[PDB]
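Undergrad: Test case, fold it:
(chains A and B)
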Amino acid sequence: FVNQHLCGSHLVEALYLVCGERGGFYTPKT
Amino acid sequence: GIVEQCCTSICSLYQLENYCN
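TA: Numbering: from 1, shown residues only, chains lettered A, B, ... in the order given. Structure as follows:
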């Protein structure tokens, strides 16, 4: 785990990581 | 906020796990 601040970008690929399939990033659109 | 949370301070692995819709 990391104990830093995640902002505008990391945040997107943090939430979209949980929702970043099994080696994906996004789904519906591109 | 809940997105600003993780940027202003440190957060968990559950909060944003529900903010990806």
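Undergrad: what are the ranges of the helices in chain A?
TA: All helices of chain A, identified by DSSP state H, fall at A:12-18.
Undergrad: Now the spatially most central residue of it: closest residue in space, sequence neighbours ignored.
TA: Taking Cα atoms, centre = their mean as the criterion, residue A:13 is the residue nearest the geometric centre of chain A, at 1.9 Å. Excluding its sequence neighbours, the residue lying closest to residue A:13 (Cβ to Cβ, 6 or more residues apart in numbering or on different chains) is residue A:25, at 6.6 Å. For every residue, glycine as well, the C-beta is placed using N, CA and C.
Undergrad: And for residue B:10?
TA: Nearest non-adjacent residue to residue B:10, counting by Cβ to Cβ, 6+ apart: residue A:3, 5.4 Å away.
Undergrad: who's in contact with residue 21?
TA: All of this is about chain A. Residue A:21 makes contacts with residue A:27, as judged by Cβ atoms under 8 Å, 6 or more residues apart in numbering or on different chains.
Undergrad: that's the wrong chain, I wanted chain B
TA: Contacts here follow Cβ under 8 Å, 6+ apart; on that basis residue B:21 touches residue A:19.
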